[PDB]
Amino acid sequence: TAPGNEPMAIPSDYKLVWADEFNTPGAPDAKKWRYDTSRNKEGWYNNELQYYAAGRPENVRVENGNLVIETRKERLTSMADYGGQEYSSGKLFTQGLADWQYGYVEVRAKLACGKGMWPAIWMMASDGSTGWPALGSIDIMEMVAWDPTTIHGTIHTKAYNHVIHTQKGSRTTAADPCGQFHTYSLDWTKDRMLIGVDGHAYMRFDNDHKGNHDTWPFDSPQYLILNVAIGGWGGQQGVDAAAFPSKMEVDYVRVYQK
């Protein structure tokens, strides 16, 4: 629904304005990432099966220059916010720490595989007053590991979203995404978004320039989100116990702006 076919690359006139190179082993940098626990006890959206553990190295850690988000089959019943889940995982976002209006986002990542796994690199608007989906969401990368070579790039707005099946997205494939790094990229300007892998946009979404927040909510800042969900879209061919633990490794997040 949002086909692209054009190169993409860090614009020559942009500077690197924000980066997490995951240089510092241990916990993620608290000045860059917060943990999202907001629906642990209730159950996450999308019929998701994971508990997202905050402050827990087994799920979220920096090692050897990479962020590691790791899913595990386990019941974290000692957690006050435990929601009865069979799995643990990690969700980090830059909410309240850093956000961007326009820019080139480049994330170099090795994905988490195993039927059930749903790694994602995405964004939501800092101003959520209009609620989901109207606020505007940018999926720079989703993969569901029943189809682990397929890379999905999607935007959601009030007009264009998955609840009403009008989401603007595309897909491509990439070599062994769980075994080798690729670059997952967004080029967002006032005119359009390109979403790509390894310097190729497979997804394009234009600003129609109608000043309709329903079709272009993207003239306000967005923060970045990294997670690995379990089940929902990831669970289309079940959740494979033998797949755990599974990890997404992120070498870096770099954000460029004019």
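Throughout, we count residues from 1 along the sequence that is shown.
Relative to its counterpart among 172 to 180 and 119 to 127, 172 to 180 has the higher mean temperature factor, C-alpha atoms as listed in the PDB entry. When 163 to 171 is weighed against 91 to 99, 163 to 171 comes out higher, by mean CA B-factor as recorded in the entry. Per the PDB record, 80 has a higher Cα B-factor than any other of 80, 109, 141, 113. Sorting the modelled residues of the chain by their CA temperature factor places residue 136 in the middle third. Sorting the modelled residues of the chain by their CA temperature factor places residue 198 in the middle third. Among all modelled residues in its chain, residue 54 ranks in the middle third by Cα B-factor. When the modelled residues of the chain are ordered by C-alpha B-factor, residue 189 sits in the middle third.
Annotation for residue 21: CA B-factor lies in the lowest third of the chain's modelled residues.
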